[PDB]
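Shown next as structure tokens: one chain only, the form deposited in one PDB entry.
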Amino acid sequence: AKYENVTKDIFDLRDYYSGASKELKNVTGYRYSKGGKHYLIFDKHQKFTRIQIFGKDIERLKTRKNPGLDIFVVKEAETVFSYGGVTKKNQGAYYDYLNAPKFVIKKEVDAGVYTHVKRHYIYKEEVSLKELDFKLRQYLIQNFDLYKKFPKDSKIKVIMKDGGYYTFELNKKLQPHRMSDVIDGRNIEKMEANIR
């Protein structure tokens, strides 16, 4: 249903993005499809996690067996269920971070502009838009009152080194069909957030 002048949805977004998340490192995912949907089931520490995959994941992880994967898990329901967040584990060696793009936050404040700049350290060759979106909103909720007020047109913009960019509209949850989108962590040039 459609609602007006209510904060239930933004508070729900706040609870989601400020909630728990977990990363499953170097795990093997077993693929299968059911009813038009595609999943990957994992096991680690005697715990089972089922991941629904979308986009390029459908064909990329076509084979039944899929080793060497890193998974960014956010419980949607519960065997815990989560959407996308699948990436190939690092193949190279890195002492620490492999990229340190600036995350620039700007906010209109009365007669001026407030700016906050931090480095969003990247440690993976492959990073899902899911993880970036979740961690970045997590940071905004914790430090910049995201969802304490209506976000309206607030957005996060992930700028790539080739000039292309991705956008995360903060007034709604990241679309499930986009949670399988992956990028090379080394190709992130900078990130920006324009908030209320």
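Superpose the two forms; the largest set of C-alphas matching within 1.5 Å is the rigid core. Residue numbers run from 1 along the displayed sequence.
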### Message
Please classify the unmodelled stretch of the deposited sequence between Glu108 and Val109: none, 1 to 3, 4 to 9, or 10 or more residues.
### Response
none
## Note on the structure
Avg C-alpha B-factor, entry values, 36-44 vs 136-144, higher side is 36-44
## Note on the structure
Per the PDB entry, mean CA B-factor is higher for 59-67 or 150-158, namely for 59-67
### Query
For the listed residues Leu24, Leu174, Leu13, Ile183, which one has the largest C-alpha B-factor as given in the deposited model?
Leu24
### Query
If you compare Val80, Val113, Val104, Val86, which has the highest Cα B-factor in the entry?
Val80
### Record-listed C-alpha B factor of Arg31: chain third
highest
### Message
Sorting by Cα B-factor within the chain, modelled residues only, which third would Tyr165 end up in: lowest, middle or highest?
### Response
middle
### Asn90 CA temperature factor, ranked by third within the chain
middle
### Query
Among the modelled residues of its chain, does the C-alpha B-factor of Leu129 lie in the lowest, middle or highest third?
lowest
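Not on display, but discussed next: the form deposited in another entry.
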### Query
Pick from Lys152, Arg64, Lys44, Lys37: whose Cα moves by 2 Å or more between this form and the one not shown, rigid core superposed?
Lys44
### Query
If you line up the core, does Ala100 shift 2 angstroms or more at its C-alpha between this form and the one not shown?
no
